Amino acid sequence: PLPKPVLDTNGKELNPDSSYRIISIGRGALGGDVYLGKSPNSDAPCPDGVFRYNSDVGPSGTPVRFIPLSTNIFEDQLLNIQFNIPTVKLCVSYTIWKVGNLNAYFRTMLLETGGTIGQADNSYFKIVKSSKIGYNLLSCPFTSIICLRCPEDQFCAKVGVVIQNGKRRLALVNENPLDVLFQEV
């Protein structure tokens, strides 16, 4: 059993030195790239929400970069995700992806920025092959806590979308994971 690499839209394995737009399998109105947006009800001084657009006919996504434990980006392995964009002095800390506190209204955790690299908190994700088409993102929060009899004592969950203030907000879901591709820039 050897670790499978993750590929971009062009077949080339994923570079930790490269940046990628996270684009959806879905087309037109069922499409829209992942981007960094302002959560309607956040008190953060920076944009701290991970959203996707409502249609793929408009702005492109905010590019990201992946940070493996390793030197290689493989499927089903813990990694960090980080928006790769210039930022005001104030907001330089709000680019690393993480999963937030339990949101009672949505009954799940939402994806936000303000995470940290290489630490056993809420900032670890995985890339895996989707059951339908393409790739899924997984969130594995609480790597510091033993999940009893779970795969490698580890709580993991699929990443999807909820609608928050009429925008597509990425969040942990049970069904309809966001099927995505990675388009190098």
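So that there is no doubt, residue numbering starts at 1 and follows the sequence shown.
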| note | Going by the entry, of stretches 85-93 and 109-117 the one with greater average Cα B-factor is 85-93
| Taking the recorded C-alpha temperature factors, which stretch has the higher mean, 34-42 or 155-163? | 34-42
| request: Among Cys147, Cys140, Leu69, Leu137, single out the one with the highest C-alpha B factor in the record, please. | output: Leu69
| query | Taking the C-alpha B-factors as the PDB entry records them, is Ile133 in the lowest, middle or highest third of its chain? | reply | highest
| task | Ordered by C-alpha B-factor within the chain, which third holds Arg169? Give me lowest, middle or highest, please. | result | lowest
| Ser55: which third of its chain by C-alpha temperature factor? | highest
| Third assignment of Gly28 from its chain's C-alpha B-factors | highest
| What third of its chain, lowest, middle or highest, does the C-alpha temperature factor of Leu7 fall into? | highest
